[PDB]
Amino acid sequence: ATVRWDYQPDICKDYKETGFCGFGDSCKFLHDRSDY
Amino acid sequence: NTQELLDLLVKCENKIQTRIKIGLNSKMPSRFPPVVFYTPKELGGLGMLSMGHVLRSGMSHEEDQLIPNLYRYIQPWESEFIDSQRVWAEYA
Amino acid sequence: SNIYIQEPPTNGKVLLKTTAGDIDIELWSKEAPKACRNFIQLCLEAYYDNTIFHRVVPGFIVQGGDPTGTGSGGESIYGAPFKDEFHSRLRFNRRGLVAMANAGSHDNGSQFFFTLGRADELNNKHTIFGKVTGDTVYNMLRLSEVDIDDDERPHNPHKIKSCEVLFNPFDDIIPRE
Amino acid sequence: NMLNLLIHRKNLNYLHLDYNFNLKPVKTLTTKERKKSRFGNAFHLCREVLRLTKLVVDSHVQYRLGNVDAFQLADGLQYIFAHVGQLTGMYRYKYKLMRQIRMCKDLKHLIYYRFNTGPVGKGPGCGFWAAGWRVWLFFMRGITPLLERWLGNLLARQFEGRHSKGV
Amino acid sequence: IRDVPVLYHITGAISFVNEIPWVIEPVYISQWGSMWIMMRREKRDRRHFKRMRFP
Amino acid sequence: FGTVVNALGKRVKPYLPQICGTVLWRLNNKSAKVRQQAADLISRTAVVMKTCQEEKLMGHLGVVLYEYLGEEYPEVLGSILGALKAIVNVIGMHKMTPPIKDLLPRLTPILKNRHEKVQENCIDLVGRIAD
Amino acid sequence: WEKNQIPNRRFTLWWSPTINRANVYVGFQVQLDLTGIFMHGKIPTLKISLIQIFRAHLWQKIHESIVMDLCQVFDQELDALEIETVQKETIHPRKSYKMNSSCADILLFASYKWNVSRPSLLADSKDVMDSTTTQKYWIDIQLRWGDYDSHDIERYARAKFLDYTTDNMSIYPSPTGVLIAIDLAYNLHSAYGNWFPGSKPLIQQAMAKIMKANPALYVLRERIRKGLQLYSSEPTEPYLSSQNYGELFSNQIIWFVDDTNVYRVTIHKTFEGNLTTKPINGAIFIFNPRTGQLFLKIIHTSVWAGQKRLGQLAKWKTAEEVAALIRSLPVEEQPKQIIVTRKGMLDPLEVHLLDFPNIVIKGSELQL
Amino acid sequence: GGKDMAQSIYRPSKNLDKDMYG
Amino acid sequence: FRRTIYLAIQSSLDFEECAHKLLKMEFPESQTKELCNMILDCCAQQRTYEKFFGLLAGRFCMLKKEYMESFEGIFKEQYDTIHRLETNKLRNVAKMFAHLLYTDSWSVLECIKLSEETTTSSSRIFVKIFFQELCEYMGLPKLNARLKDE
Ligand SMILES: O=P(O)(O)O[C@H]1[C@H](OP(=O)(O)O)[C@@H](OP(=O)(O)O)[C@H](OP(=O)(O)O)[C@@H](OP(=O)(O)O)[C@H]1OP(=O)(O)O
Ligand SMILES: [Zn+2]
């Protein structure tokens with residue numbers, strides 16, 4: 001079985017940038033903040 | 001004594017478990033053996049009370065295995081009635 | 001349980017006894033019959049005996065095959081520089097490759113070089129007639145360990161002491177006298 | 001070559017198509033890139049059908065190279081056709097394919113049972129593809145006109161333009 | 001080795017195989033019956049039947 | 001405990017691994033009771049865990065405590081931030097095992113937290129680093 | 001447990017070894033971005049929480065810190081192992097999560113020369129160093145995330161070793177080396193590869209320590225605890241110490257053997273007044289910690305009839321009976337290690353177990 | 001009975017021991 | 001074997017199903033004592049009297065002639081523990097034999113005796129119940145018969 005990199009991150013861009021998600025706890029995304 | 005109920009319970013258990021399946025994205029049975037639904041959540045399962053594996057085959061079992069039914073652990077109304085009368089008389 | 005490595009099977013084998021130890025070369029004589037014929041015959045002719053390795057570029061190549069040791073010399077068995085031969089299945093992805101040096105197209109002499117690493121810029125330029133077998137690989141690399149003087153020349157260049165052809169794929173090779 | 005030309009034609013430089021037809025992305029994608037880069041089922045169906053043929057042909061090629069053996073090649077071919085759902089991914093894009101997959105699974109049961117009857121065990125080596133091979137051909141007979149119509153439209157949108165009116 | 005007839009656009013764009021595999025029914029069947037036998041014998045006899053890796 | 005250790009000085013050094021082992025294992029236990037307490041224990045034991053030059057322990061406390069900043073119980077989280085504070089006053093800026101680039105923006109959203117101790121210690125630490 | 005948000009998302013992690021499987025009907029095996037985890041099918045929540053677990057290149061940190069730890073370990077042992085020098089290759093940044101090929105993590109350069117044995121398991125014991133000799137030696141560190149279907153570390157180790165060694169793509173300076181695989185998901189560790197004198201005990205001890213020690217692993221473990229919101233009930237933990245019994249039950253079938261009561265004797269007086277000794281029925285004590293399975297071998301006095309002195313015979317017969325018992329045992333139940341109460345038993349067992357060379361024999365610093 | 005059985009699984013002492021011992 | 005019995009019995013609604021599940025398994029017959037010993041203990045030990053566990057013991061008798069014997073034995077085995085068992089489980093038993101004996105799986109009784117000589121105050125209650133149940137079925141007249149011919 002061949003392997004394909006997943007490279008897309010799930011980080012929520014609103015929370016990564018600002019630090020507050022409008023969706024709150026319901027966010028479909030990562031909420032991990034500020035990594036490079 | 002109601003077969004229609006037993007059917008309804010079976011299909012309905014299968015509908016809520018099927019819905020939880022939908023919740024993640026899979027319908028694949030090998031990815032949801034009953035141990036995940038029927039584990040008491042103390043060990044991290046869902047703690048689902050299940051009356052629908054009873055016997056036509058109601059529901060699947062990964063192995064031969066087994067599942068306990070609620071009805072077996074509840075005392076019937078008749079018996080609890082007689083018990084009530086006796087218990088009260090003895091209490092007096 | 002599959003990890004694939006694709007390369008066509010080789011044919012022929014030649015032993016180089018050097019001051020750096022033994023080096024086993026597996027040749028592709030299906031892909032490069034011209035340069036492998038040249039190499040096999042020049043080895044059978046004792047043409048590579050006591051020939052140094054005159055050019056070492058760190059982590060790139062180590063070059064030898066010149067009877068004069070100057071680096072501009074050497075000649076083929078064909079009385080003239082012979083043709084280049086290329087294949088999509090023979091590439092430089094790695095060290096351990098044994099290829100033909102040239103100053104241009106159809107320039108192939110008797111000079112050859114070992115790959116110290118990846119060169120992707122020599123693709124479709126130098127012909128790849130062989131590879132060094134893993135067991136002997138380190139010894140090739142010891143050819144590249146020297147104190148290098150001006151113009152990429154080692155101060156104490158390693159030499160090829162003798163040559164043995166372990167398996168000759170060609171029927172018709174007649175060494176010259 | 002076709003599929004790479006399509007990819008380039010649209011300037012999707014952050015996608016990468018490898019030689020066994022797996023479409024991957026070079027980097028993590030930006031939102032906008034993700035929108036633009038989606039292919040529809042037409043392209044993916046085509047890609048997966050090509051993948052299937054590459055599996056087949058490669059198998060023959062290794063036989064010709066003398067890496068394999070006749071008997072091994074036969075067994076490989078039977079494997080391929082029985083296992084399409086786990087080598088390709090065609091279904092992803094067309095789910096109806098499951099209909100062929102089931103046929104192949106059944107015929108593999110049937111044949112394998114009869115074949116491995118006596119001394120012969122559960123081991124890997126049964127060649128007897130003819131059946132599985134049939135099944136994919138029937139599939140292809142029908143799907144061809146579909147892909148012609150869908151890829152036709154894809155090309156036509158690419159070159160003529162998405163129709164403006166939405167009439 | 002089977003050789004086949006081919007129509008290729010003068011441009012190299014596309015090759016089509018221009019042919020239908022017609023067979024004589026009783027011959028065809030016989031030949032795959034033969035293969036049934038052979039394949040079964042081969043599986044019986046090889047110590048370890050190594051199988052190809054995909055792709 | 002704090003007075004005992006600070007009084008013992010570096011005679012306490014052989015005892016650290018037992019201490020901090022207890023400190024992490026207790027640092028789990030059952031939440032609301034003892035988390036705050038083990039945290040405060042770290043806070044007051046900071047300097048001793050510093051001057052004796054056990055750096056692995058500062059890695060431990062640094063990233064381990066870093067991880068609890070998502071704790072939902074305020075009365076715990078406050079003690080956590082306090083512990084971080086005390087760790088900042090011993091090991092310096094550029095040597096922080098959780099480099100400030102990580103830490104500070106991870107602190108920033110917490111300011112909504114209402115209940116008191118969090119706001120207190122939080123604003124304090126944002127003060128120390130911001131200064 | 002923690003007495004439209006996470007709790008759902010948490011439920012996935014807890015079953016994640018079962019939810020995600022190496023064996024599935026249909027799936028396209030995908031590698032998570034910077035990590036070595038392979039998802040089968042697309043599970044959004046699983047993906048998310050895993051990406052929480054590994055963040056800021058925690059995978060790379062783990063591989064790195066492990067390597068460094070080994071580097072220091074060998075930096076201590078230079079003399080005892082006759083090592084000329086130890087160099088850590090500055091690691092190719094992506095090598096940790098690249099699953100197709102691996103460079104060499106550590107290079108041991110010998111002071112003189114090393115007799116090297118055939119490749120065997122880390123858990124293996126009997127080796128013959130007469131196989132070959134060399135100087136340069138390499139060490140590779142492999143991190144995989146297990147699952148329910150294959151959590152077995154050892155077959156994985158020997159597999160990756162045979163592959164990377166026999167592949168032309170992977171670059172190693174010397175054919176002699178070893179590959180260490182650690183499964184994070186199950187916290188397991190094994191190794192397969194070449195050996196040289198003194199290396200096996202050092203590596204065993206070093207791994208057993210690191211698995212208890214390395215801060216990176218503790219960051220992983222803690223992040224798992226937090227994502228799962230598991231919290232232990234009891235302080236101080238049970239009596240763990242560094243003691244080898246916690247890791248001793250593990251997966252590996254391992255036995256305790258006690259010969260003390262095998263040879264027993266009763267004394268009574270004759271008419272001369274001389275105390276005379278008649279031996280009595282003995283028994284061989286064998287116990288399994290994880291199953292509570294007690295093999296009690298009743299040794300009748302018929303064994304004691306005519307042969308010289310009874311003690312040494314008790315010893316050698318004891319080792320014999322253990323050997324035959326393991327002989328009649330199915331392979332799935334066979335012990336990976338056998339630990340001994342009385343060090344005097346070490347010699348006969350080691351002999352009588354030669355027919356089963358992979359069984360480790362260890363004496364107890366722990367009286368029981 | 002982990003959390004059911006007692007507030008503390010372990011307390012040591014010989015106080016009760018050396019008292020009731022005699 | 002003892003564990004499989006429990007799981008098969010706890011699994012099944014009805015009393016019919018457990019026998020089918022149990023017979024189906026085709027566990028070794030001689031054990032057909034202890035098994036039944038299992039059923040008598042397993043429910044009687046179980047907290048309160050339930051109709052199911054008593055029926056099962058009986059059917060298991062009609063299917064094979066031995067199973068009946070296996071039971072009557074197990075009733076004997078009580079003498080030793082007539083005193084010993086604690087004063088709840090007598091409440092499960094007295095009736096529980098009441099339902100084998102009303103439905104004919106009587107004279108096996110006779111072994112039981114009334115004496116201040118030897119009767120356990122346990123046993124006193126045991127038999128006491130046994131009649132206050134079996135009566136409530138036969139209704140003290142059919143019981144008049146069964147005794148009068150007993
Ligand atoms: O015996 P083998 O030659 O190795 O065949 C196996 C096996 O067949 P049997 O178990 O019937 O012998 C599997 O059966 P199960 O393990 O699933 O019971 C089958 O699986 P399916 O039931 O899905 O066919 C599996 O295929 P796979 O590994 O994909 O499940 C298939 O071997 P292949 O993989 O070689 O088909
Ligand atoms: Zn968000």
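Residues numbered from 1 in each chain as written, not as in the entry; some residues may be left out. Chains lettered and ligands numbered in written order. Part of a larger assembly, values for the part shown. Heavy atoms only, no water. Residues with missing side-chain atoms left out of burial classes, pairs and counts.

Method of determination for the deposited model, per the PDB record: cryo-EM, at 4.90 Å resolution.

Quick look at the overall build of chain E now. Within chain E, the secondary structure is distributed over one helix and two strands. Going residue by residue from the N terminus, the α and β elements of chain E occur as β-β-α. Computed over its C-alpha atoms, the radius of gyration of chain E comes to 18 Å, more than 25% above the 10 Å expected for a compact globule of 55 residues. Projected onto its principal axes, the C-alpha positions of chain E cover 50 × 35 × 15 Å. (Helix = DSSP H or I, 4+ residues; strand = E, 2+ residues; numbered from the N terminus. Rg over C-alpha atoms; globule rule 2.2 N^0.38 Å.)

A few words on the pattern of salt bridges. Between G:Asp127 and G:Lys200 there is a salt bridge, with its nearest N and O atoms 3.1 Å apart. Residue G:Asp127 is located in the loop between β5 (120-121) and β6 (132-144), and its partner G:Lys200 is located in helix α5 (residues 199-213); the two are separated by 73 residues in the primary sequence. We note a salt bridge from G:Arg342 to G:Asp259, for which the minimum N-O separation is 4.0 Å. Linking G:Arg342 in the loop between β14 (337-340) and α9 (346-352) with G:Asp259 in the loop between β9 (254-258) and β10 (264-269), this pair joins segments that are 83 residues apart in sequence. Taken together, the shared-partner salt bridges in this structure form one network comprising A:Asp6, A:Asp10 and G:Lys47. (Salt bridge = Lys/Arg side-chain N within 4 Å of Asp/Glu carboxyl O.)

Here we take up the sheet that holds strand β2 (residues 38-39) of chain G. Pairing within the open sheet is mixed, and its three strands lie in the order β1(A)-β1(G)-β2(G). The open sheet has two free edges, formed respectively by β1 (4-5) of chain A together with β2 of chain G, since each of these has just one partner strand. For strand β1 (residues 30-31) of chain G and β2(G), the ladder comprises two bridges, and the chain directions are antiparallel. Bridge assignment links G:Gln31 to a residue of β2(G), and that residue is G:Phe38. (Pairing = 2+ DSSP bridges.)

What follows concerns the sheet that holds strand β7 (residues 112-115) of chain C. Sheet strands associate in pairs through backbone hydrogen bonding, adopting either a parallel or an antiparallel arrangement. Residue and element names in this part refer to chain C. In space, the nine strands of this open sheet follow the order β3-β11-β1-β2-β8-β6-β7-β5-β4, with antiparallel pairing throughout. A single partner strand is all that each edge strand has here, and the edge strands are β3 (51-52) and β4 (55-57). The pairing of β4 with strand β5 (residues 61-64) spans three bridges and is classified as antiparallel. Each bridged residue has a counterpart across the sheet, and for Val57 the counterpart in β5 is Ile61. The strands touched by helix α2 (residues 134-143) are β1 (13-18), β2 (21-27), β4, β5, β7 and β8 (128-132); relative to β2, the strand with the most contacts, the crossing angle is about 120°. (Contact = heavy atoms within 4.5 Å. Axes fitted to C-alpha atoms, helices over the stretch in contact; angles between N-to-C directions.)

Let us look at the arrangement of the chains. Where the 10 pairs of chains in contact are concerned, the greatest contact count is recorded for chains D and E. The two units chain F and chain I never meet; even their closest C-alpha atoms stay 35 Å apart. Taking C-alpha atoms as the reference, chain H and chain I come no closer than 21 Å and do not contact one another.

Taken together, the 18 residues of chain E in the interface contact 34 residues of chain D. Looking at the side of chain E that touches chain D, its residues break down into 11 nonpolar, no polar and seven charged. (Nonpolar A, V, L, I, M, F, W, Y, C, P; charged D, E, K, R; others polar.)

Time to look at the environment of D:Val68. Note on placement: D:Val68 falls in the loop between α3 (41-64) and α4 (70-82). For the pair formed by D:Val68 and D:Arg99, sequence separation is 31 residues and the distance between their alpha carbons is 32 Å. Those residues within four positions of D:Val68 in sequence are excluded, and the remaining contacts are D:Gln62, D:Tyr63, D:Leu73 and E:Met52.

Looking now at helix α6 (residues 215-228) of chain G. Relative to the 20 Å expected for 14 residues at 1.5 Å per residue, α6(G) spans 20 Å between its end C-alpha atoms, a close match to the ideal helical length. Its side-chain oxygen 2.9 Å from the backbone nitrogen of G:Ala216, G:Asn214 forms the N-cap of α6(G). (Expected span 1.5 Å × (residues − 1). Polar contact = N/O pair within 3.5 Å; in protein donor to acceptor, adjacent residues only side chain to side chain.)

This part covers the pairing of β6(G). All names here are of chain G. As judged from the seven bridges shared by strand β4 (residues 106-116) and β6, these two strands associate in the antiparallel manner. Paired with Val116 across the bridge in β6 is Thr132. Looking at chain direction, β6 and strand β7 (residues 177-183) are connected through seven bridges and run parallel. Opposite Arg144, over in β7, you have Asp183 as the bridge partner.

This paragraph deals with the packing of helix α3 (residues 31-51) of chain F against helix α5 (residues 74-88) of chain F. All names here are of chain F. At a closest axis distance of 8 Å, the pairing of α3 and α5 adopts a crossing angle of 10°. Between α3 and α5, the interaxial angle falls into the category roughly parallel. For the pair α3 and α5, the contacting residues are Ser31, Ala32, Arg35, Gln36, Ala39, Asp40, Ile42, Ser43 and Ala46 in the first and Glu75, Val76, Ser79, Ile80, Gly82, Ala83, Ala86 and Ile87 in the second. Split into classes, the residues belonging to the contact of α3 with α5 amount to nine nonpolar, five polar and three charged. (Parallel < 35°, antiparallel > 145°, perpendicular 65-115°, else oblique.)

Residues and elements named next belong to chain G. The interhelical angle for the contact between helix α3 (residues 58-76) and α5, taken along N-to-C directions, is 135°, at an axis separation of 11 Å. Between α3 and α5, the angle is such that the two are oblique. In the crossing of α3 with α5, the sense of the turn from one axis to the other is right-handed. For the pair α3 and α5, contact is made by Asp69, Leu70, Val73 and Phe74 and by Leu202, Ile203, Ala206 and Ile210, respectively. Of the residues assigned to the contact of α3 with α5, the class counts are seven nonpolar, no polar and one charged. (Left-handed = near helix turned anticlockwise from the far one by under 90°.)

This next bit is on the packing of aromatic side chains. Between B:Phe32 and B:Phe37 the ring centres are 6.1 Å apart and the planes differ by 40°, which places this aromatic pair in the tilted class. Three or more aromatic residues link up through ring pairs in this structure, and these residues are C:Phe39, C:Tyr47, C:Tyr48, C:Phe53, C:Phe112, C:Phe114 and C:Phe129. Taking NZ or CZ as reference, E:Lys43 lies 5.5 Å from the ring centre of D:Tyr112, over its face. Across from the ring centre of G:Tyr231, 4.3 Å away, lies the NZ or CZ of F:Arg35, which sits over that ring. (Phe/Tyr/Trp six-rings, centres within 6.5 Å; stacked < 30°, edge-to-face > 60°. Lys NZ or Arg CZ within 6 Å of the ring centre and 35° of its normal.)

The next subject is the environment of E:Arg46. Take E:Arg46: it is sitting in the segment after α1 (25-45). If we skip the residues at most four places from it in the chain, E:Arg46 touches D:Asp69, D:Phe71 and D:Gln72.

With a phi angle near 60°, D:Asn11 is a residue other than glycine that sits in the positive phi range. Along the polypeptide, D:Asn11 turns up in the loop between α1 (2-9) and β1 (15-17). Not every positive phi belongs to a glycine, and G:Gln229 is a case in point at roughly 55°. Relative to the helices and strands, G:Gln229 is located in the loop between α6 and α7 (246-249).

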